[PDB]
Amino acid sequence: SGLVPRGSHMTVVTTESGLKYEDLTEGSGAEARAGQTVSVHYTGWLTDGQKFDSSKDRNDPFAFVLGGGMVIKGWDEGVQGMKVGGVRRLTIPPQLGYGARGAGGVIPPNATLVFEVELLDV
C-alpha cells in the first residue's frame, strides 16, 4: 500500500508480482480474459526511451492466447482486465520480462520494459 506508489494522479496500479500498470484509456468493449486469443497493437520502450518493438510499425496487429505462456509474464498478467478499445501502459520489471538474459540484441540484461498496449479484439 501507500500513497506515493499510486503515481502522480493516483492511477498507477501495482500488483502482487510487482507489475505496474495505468489505464490511459478505458475501453468500452469486451473484457480480456485468460484463454481468449486477443489481438493488440503495441509499442515497447526501454527506460531510456529507446523503442525496441512495435506492431504499429509493422502495420500488423499481434494475436496471442492470453494467459497461455506465449509472451513475457508481464503481458500475460497485464493485458487481463483490459476492455476492447482500451490503452494500458505496462511497466514491467525484468523478472516479468527477459530477466538477466535480455533478448533480441535489443533488450539488455535486467531491463525494465515500458509498453503501451491497445486491445483490439478478444
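The numbering used is simple: start at 1 and walk along the sequence shown.
Taking the PDB entry as given, 48 to 56 carries the higher mean Cα B factor of the two stretches 68 to 76 and 48 to 56. Taking the PDB entry as given, 19 to 27 carries the higher mean Cα B factor of the two stretches 19 to 27 and 110 to 118.
Among all modelled residues in this chain, the alpha-carbon of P61 has a temperature factor (C-alpha) in the middle third. Sort the chain's modelled residues by C-alpha temperature factor and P94 lands in the lowest third, per the entry.
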